[PDB]
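Visitor: This one is work12.cif, mmCIF, C-alpha atoms; chains and numbers go by the auth columns.
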```cif
data_data
loop_
_atom_site.group_PDB
_atom_site.id
_atom_site.type_symbol
_atom_site.label_atom_id
_atom_site.label_comp_id
_atom_site.label_asym_id
_atom_site.label_seq_id
_atom_site.Cartn_x
_atom_site.Cartn_y
_atom_site.Cartn_z
_atom_site.B_iso_or_equiv
_atom_site.auth_seq_id
_atom_site.auth_asym_id
ATOM 1 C CA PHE A 1 92.829 121.457 51.004 0.00 1 A
ATOM 2 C CA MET A 2 92.146 121.419 47.265 0.00 2 A
ATOM 3 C CA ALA A 3 93.390 120.006 43.970 0.00 3 A
ATOM 4 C CA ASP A 4 92.840 121.571 40.541 0.00 4 A
ATOM 5 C CA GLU A 5 93.547 120.295 37.041 0.00 5 A
ATOM 6 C CA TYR A 6 92.701 120.833 33.356 0.00 6 A
ATOM 7 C CA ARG A 7 92.234 117.603 31.391 0.00 7 A
ATOM 8 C CA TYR A 8 89.826 115.397 29.467 0.00 8 A
ATOM 9 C CA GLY A 9 89.867 112.078 27.637 0.00 9 A
ATOM 10 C CA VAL A 10 90.033 111.528 23.889 0.00 10 A
ATOM 11 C CA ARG A 11 88.923 109.074 21.224 0.00 11 A
ATOM 12 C CA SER A 12 91.913 108.307 19.010 0.00 12 A
ATOM 13 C CA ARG A 13 90.290 106.554 16.045 0.00 13 A
ATOM 14 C CA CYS A 14 87.200 104.427 15.555 0.00 14 A
ATOM 15 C CA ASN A 15 88.953 101.629 13.609 0.00 15 A
ATOM 16 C CA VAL A 16 92.056 100.949 15.725 0.00 16 A
ATOM 17 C CA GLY A 17 90.416 99.165 18.657 0.00 17 A
ATOM 18 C CA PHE A 18 88.018 96.399 19.610 0.00 18 A
ATOM 19 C CA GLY A 19 86.292 94.901 22.625 0.00 19 A
ATOM 20 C CA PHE A 20 84.666 91.454 22.813 0.00 20 A
ATOM 21 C CA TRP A 21 82.326 89.991 25.434 0.00 21 A
ATOM 22 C CA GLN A 22 83.704 86.473 26.037 0.00 22 A
ATOM 23 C CA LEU A 23 86.856 84.927 27.485 0.00 23 A
ATOM 24 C CA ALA A 24 86.845 81.214 28.385 0.00 24 A
ATOM 25 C CA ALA A 25 90.128 79.672 27.133 0.00 25 A
ATOM 26 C CA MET A 26 89.022 76.129 28.041 0.00 26 A
ATOM 27 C CA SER A 27 91.712 73.900 26.482 0.00 27 A
ATOM 28 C CA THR A 28 92.661 76.891 24.283 0.00 28 A
ATOM 29 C CA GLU A 29 90.152 75.747 21.670 0.00 29 A
ATOM 30 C CA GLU A 30 87.013 77.666 22.691 0.00 30 A
ATOM 31 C CA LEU A 31 88.556 81.070 21.935 0.00 31 A
ATOM 32 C CA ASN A 32 92.162 80.552 20.756 0.00 32 A
ATOM 33 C CA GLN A 33 91.207 81.699 17.241 0.00 33 A
ATOM 34 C CA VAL A 34 87.428 81.654 17.699 0.00 34 A
ATOM 35 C CA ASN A 35 86.695 84.849 19.649 0.00 35 A
ATOM 36 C CA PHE A 36 90.063 85.988 21.059 0.00 36 A
ATOM 37 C CA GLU A 37 92.072 85.974 17.819 0.00 37 A
ATOM 38 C CA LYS A 38 88.936 86.320 15.703 0.00 38 A
ATOM 39 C CA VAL A 39 89.032 89.983 16.730 0.00 39 A
ATOM 40 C CA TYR A 40 92.761 90.013 15.944 0.00 40 A
ATOM 41 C CA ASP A 41 91.958 88.870 12.403 0.00 41 A
ATOM 42 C CA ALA A 42 89.096 91.373 12.158 0.00 42 A
ATOM 43 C CA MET A 43 91.535 94.180 12.960 0.00 43 A
ATOM 44 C CA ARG A 44 93.938 92.696 10.406 0.00 44 A
ATOM 45 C CA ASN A 45 91.101 92.960 7.844 0.00 45 A
ATOM 46 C CA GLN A 46 90.039 96.589 7.372 0.00 46 A
ATOM 47 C CA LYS A 47 89.815 99.098 4.524 0.00 47 A
ATOM 48 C CA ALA A 48 90.521 102.830 4.381 0.00 48 A
ATOM 49 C CA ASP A 49 88.488 105.495 2.555 0.00 49 A
ATOM 50 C CA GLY A 50 89.775 104.415 -0.842 0.00 50 A
ATOM 51 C CA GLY A 51 88.774 100.777 -0.938 0.00 51 A
ATOM 52 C CA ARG B 1 107.111 63.144 -18.879 0.00 1 B
ATOM 53 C CA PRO B 2 106.282 64.492 -15.396 0.00 2 B
ATOM 54 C CA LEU B 3 107.134 68.042 -14.394 0.00 3 B
ATOM 55 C CA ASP B 4 109.294 69.055 -11.428 0.00 4 B
ATOM 56 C CA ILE B 5 107.220 71.257 -9.095 0.00 5 B
ATOM 57 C CA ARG B 6 108.644 72.538 -5.797 0.00 6 B
ATOM 58 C CA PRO B 7 105.901 74.520 -4.033 0.00 7 B
ATOM 59 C CA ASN B 8 107.498 76.968 -1.617 0.00 8 B
ATOM 60 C CA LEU B 9 104.924 79.787 -1.275 0.00 9 B
ATOM 61 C CA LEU B 10 101.489 79.889 0.357 0.00 10 B
ATOM 62 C CA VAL B 11 99.322 82.983 -0.193 0.00 11 B
ATOM 63 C CA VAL B 12 96.219 83.392 1.974 0.00 12 B
ATOM 64 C CA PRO B 13 93.950 86.230 3.105 0.00 13 B
ATOM 65 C CA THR B 14 94.269 87.729 6.566 0.00 14 B
ATOM 66 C CA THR B 15 91.257 85.627 7.609 0.00 15 B
ATOM 67 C CA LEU B 16 93.182 82.373 6.973 0.00 16 B
ATOM 68 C CA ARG B 17 96.491 83.517 8.480 0.00 17 B
ATOM 69 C CA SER B 18 95.870 81.659 11.742 0.00 18 B
ATOM 70 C CA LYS B 19 95.257 78.339 9.987 0.00 19 B
ATOM 71 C CA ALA B 20 98.167 78.881 7.597 0.00 20 B
ATOM 72 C CA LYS B 21 100.572 79.587 10.462 0.00 21 B
ATOM 73 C CA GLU B 22 99.281 76.656 12.510 0.00 22 B
ATOM 74 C CA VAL B 23 99.943 74.345 9.560 0.00 23 B
ATOM 75 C CA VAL B 24 103.346 75.947 8.892 0.00 24 B
ATOM 76 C CA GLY B 25 104.685 77.443 12.112 0.00 25 B
ATOM 77 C CA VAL B 26 103.653 74.863 14.706 0.00 26 B
ATOM 78 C CA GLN B 27 106.447 72.468 15.645 0.00 27 B
ATOM 79 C CA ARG B 28 104.549 70.033 17.913 0.00 28 B
ATOM 80 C CA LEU B 29 101.118 68.535 17.223 0.00 29 B
ATOM 81 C CA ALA B 30 98.825 66.872 19.770 0.00 30 B
ATOM 82 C CA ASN B 31 100.784 65.543 22.775 0.00 31 B
ATOM 83 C CA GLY B 32 103.975 65.620 20.717 0.00 32 B
ATOM 84 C CA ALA B 33 103.868 64.498 17.094 0.00 33 B
ATOM 85 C CA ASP B 34 106.438 66.629 15.257 0.00 34 B
ATOM 86 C CA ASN B 35 104.949 68.339 12.183 0.00 35 B
ATOM 87 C CA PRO B 36 105.614 66.893 8.710 0.00 36 B
ATOM 88 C CA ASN B 37 104.548 70.221 7.145 0.00 37 B
ATOM 89 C CA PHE B 38 106.570 72.561 9.388 0.00 38 B
ATOM 90 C CA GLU B 39 108.494 75.179 7.377 0.00 39 B
ATOM 91 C CA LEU B 40 107.786 73.161 4.223 0.00 40 B
ATOM 92 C CA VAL B 41 106.270 76.279 2.611 0.00 41 B
ATOM 93 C CA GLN B 42 106.810 79.875 3.696 0.00 42 B
ATOM 94 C CA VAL B 43 103.601 81.876 4.105 0.00 43 B
ATOM 95 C CA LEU B 44 102.828 85.498 3.266 0.00 44 B
ATOM 96 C CA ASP B 45 99.631 87.211 4.420 0.00 45 B
ATOM 97 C CA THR B 46 97.967 89.880 2.275 0.00 46 B
ATOM 98 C CA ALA B 47 94.916 92.116 2.631 0.00 47 B
ATOM 99 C CA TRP B 48 94.339 92.888 -1.066 0.00 48 B
ATOM 100 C CA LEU B 49 92.523 89.612 -1.757 0.00 49 B
ATOM 101 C CA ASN B 50 89.227 88.751 -0.062 0.00 50 B
#
```
Would you mind giving the structure from this file in structure tokens?
Guide:
Amino acid sequence: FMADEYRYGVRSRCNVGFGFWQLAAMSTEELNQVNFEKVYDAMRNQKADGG
Amino acid sequence: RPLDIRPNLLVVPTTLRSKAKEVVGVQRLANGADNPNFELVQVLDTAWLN
């Protein structure tokens, strides 16, 4: 018995995503806006190809 | 003769939005303290500056 399919993954855009390497949340002061929402703010702050 | 000033706007970069909203936007402070500066000034966040 067999299965067949045509597919492959894609990269949407280089500046619409982020991944960080820490998640502690101790008292919601280690990462609240230090590394968890720091990336949120980094995404908020970006420039296109026109300055 | 002093001047009547009624600050109602707070403009900050996207990097200070978290702090701006936690000053104006948080209703309780600590283990319950109200917030004397809650909704005192409305905040707008912009990406043109900084």
Visitor: Which residues of chain B are close to chain A, meaning at most 10 Å apart when you count all atoms listed in the file, and how do they look as a ChimeraX atom specification?
Guide: /B:13-19,45-48,50
Visitor: For those residues, write C-alpha atoms to a file as an mmCIF file, in the frame of the given file.
Guide:
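Written out: selection33.cif:
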```
data_model
loop_
_atom_site.group_PDB
_atom_site.id
_atom_site.type_symbol
_atom_site.label_atom_id
_atom_site.label_comp_id
_atom_site.auth_asym_id
_atom_site.auth_seq_id
_atom_site.Cartn_x
_atom_site.Cartn_y
_atom_site.Cartn_z
ATOM 1 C CA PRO B 13 93.950 86.230 3.105
ATOM 2 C CA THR B 14 94.269 87.729 6.566
ATOM 3 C CA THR B 15 91.257 85.627 7.609
ATOM 4 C CA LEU B 16 93.182 82.373 6.973
ATOM 5 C CA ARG B 17 96.491 83.517 8.480
ATOM 6 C CA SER B 18 95.870 81.659 11.742
ATOM 7 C CA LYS B 19 95.257 78.339 9.987
ATOM 8 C CA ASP B 45 99.631 87.211 4.420
ATOM 9 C CA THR B 46 97.967 89.880 2.275
ATOM 10 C CA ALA B 47 94.916 92.116 2.631
ATOM 11 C CA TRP B 48 94.339 92.888 -1.066
ATOM 12 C CA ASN B 50 89.227 88.751 -0.062
#
```
Visitor: Give me, please, the distance in Å between CA of residue 11 in chain B and CA of residue 24 in chain B, quoted to one decimal.
Guide: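 Spanning CA of residue 11 in chain B to CA of residue 24 in chain B is a straight-line distance of 12.2 Å.
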Visitor: What does the structure give for the distance between CA of residue 9 in chain A and CA of residue 21 in chain A, in Å to one decimal?
Guide: 23.4 Å
Visitor: So how far away is CA of residue 21 in chain B from CA of residue 34 in chain B, in Å?
Guide: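 Here the two named atoms are 15.0 Å from each other.
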Visitor: If you apply the PyMOL selection byres ((chain B and resi 40) around 12) to this file, what residues do you get, as JSON, numbers by chain?
Guide: {"B": [6, 7, 8, 9, 10, 20, 21, 23, 24, 25, 26, 27, 35, 36, 37, 38, 39, 41, 42, 43]}
Visitor: Starting from the incomplete input, reconstruct N, CA, C and O atoms of range 33-45 of chain A and write that as a PDB file, in the frame of the given file.
Guide:
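This is the output file out07.pdb:
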```
ATOM      1  N   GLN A  33      91.434  80.938  18.464  1.00  0.00           N
ATOM      2  CA  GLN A  33      91.207  81.699  17.241  1.00  0.00           C
ATOM      3  C   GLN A  33      89.734  81.664  16.870  1.00  0.00           C
ATOM      4  O   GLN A  33      89.366  81.597  15.694  1.00  0.00           O
ATOM      5  N   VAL A  34      88.871  81.709  17.880  1.00  0.00           N
ATOM      6  CA  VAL A  34      87.428  81.654  17.699  1.00  0.00           C
ATOM      7  C   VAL A  34      86.776  82.977  18.082  1.00  0.00           C
ATOM      8  O   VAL A  34      85.947  83.508  17.342  1.00  0.00           O
ATOM      9  N   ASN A  35      87.138  83.521  19.243  1.00  0.00           N
ATOM     10  CA  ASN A  35      86.695  84.849  19.649  1.00  0.00           C
ATOM     11  C   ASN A  35      87.809  85.733  20.183  1.00  0.00           C
ATOM     12  O   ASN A  35      87.621  86.955  20.237  1.00  0.00           O
ATOM     13  N   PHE A  36      88.956  85.175  20.572  1.00  0.00           N
ATOM     14  CA  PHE A  36      90.063  85.988  21.059  1.00  0.00           C
ATOM     15  C   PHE A  36      90.951  86.478  19.920  1.00  0.00           C
ATOM     16  O   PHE A  36      91.322  87.654  19.883  1.00  0.00           O
ATOM     17  N   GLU A  37      91.330  85.585  19.007  1.00  0.00           N
ATOM     18  CA  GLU A  37      92.072  85.974  17.819  1.00  0.00           C
ATOM     19  C   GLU A  37      91.171  86.195  16.612  1.00  0.00           C
ATOM     20  O   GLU A  37      91.648  86.679  15.580  1.00  0.00           O
ATOM     21  N   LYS A  38      89.880  85.878  16.721  1.00  0.00           N
ATOM     22  CA  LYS A  38      88.936  86.320  15.703  1.00  0.00           C
ATOM     23  C   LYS A  38      88.935  87.839  15.601  1.00  0.00           C
ATOM     24  O   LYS A  38      88.920  88.398  14.500  1.00  0.00           O
ATOM     25  N   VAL A  39      88.963  88.526  16.746  1.00  0.00           N
ATOM     26  CA  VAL A  39      89.032  89.983  16.730  1.00  0.00           C
ATOM     27  C   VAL A  39      90.383  90.443  16.196  1.00  0.00           C
ATOM     28  O   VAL A  39      90.474  91.457  15.497  1.00  0.00           O
ATOM     29  N   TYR A  40      91.453  89.716  16.523  1.00  0.00           N
ATOM     30  CA  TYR A  40      92.761  90.013  15.944  1.00  0.00           C
ATOM     31  C   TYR A  40      92.684  90.013  14.422  1.00  0.00           C
ATOM     32  O   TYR A  40      93.131  90.956  13.758  1.00  0.00           O
ATOM     33  N   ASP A  41      92.092  88.962  13.854  1.00  0.00           N
ATOM     34  CA  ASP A  41      91.958  88.870  12.403  1.00  0.00           C
ATOM     35  C   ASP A  41      91.043  89.963  11.860  1.00  0.00           C
ATOM     36  O   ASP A  41      91.290  90.505  10.776  1.00  0.00           O
ATOM     37  N   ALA A  42      89.980  90.297  12.594  1.00  0.00           N
ATOM     38  CA  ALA A  42      89.096  91.373  12.158  1.00  0.00           C
ATOM     39  C   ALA A  42      89.851  92.692  12.057  1.00  0.00           C
ATOM     40  O   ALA A  42      89.676  93.445  11.092  1.00  0.00           O
ATOM     41  N   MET A  43      90.695  92.990  13.047  1.00  0.00           N
ATOM     42  CA  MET A  43      91.535  94.180  12.960  1.00  0.00           C
ATOM     43  C   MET A  43      92.503  94.077  11.788  1.00  0.00           C
ATOM     44  O   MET A  43      92.747  95.065  11.087  1.00  0.00           O
ATOM     45  N   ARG A  44      93.070  92.888  11.565  1.00  0.00           N
ATOM     46  CA  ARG A  44      93.938  92.696  10.406  1.00  0.00           C
ATOM     47  C   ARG A  44      93.209  93.019   9.107  1.00  0.00           C
ATOM     48  O   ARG A  44      93.833  93.481   8.145  1.00  0.00           O
ATOM     49  N   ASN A  45      91.900  92.784   9.057  1.00  0.00           N
ATOM     50  CA  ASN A  45      91.101  92.960   7.844  1.00  0.00           C
ATOM     51  C   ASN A  45      90.266  94.232   7.971  1.00  0.00           C
ATOM     52  O   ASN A  45      89.184  94.219   8.564  1.00  0.00           O
TER      53      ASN A  45
END
```
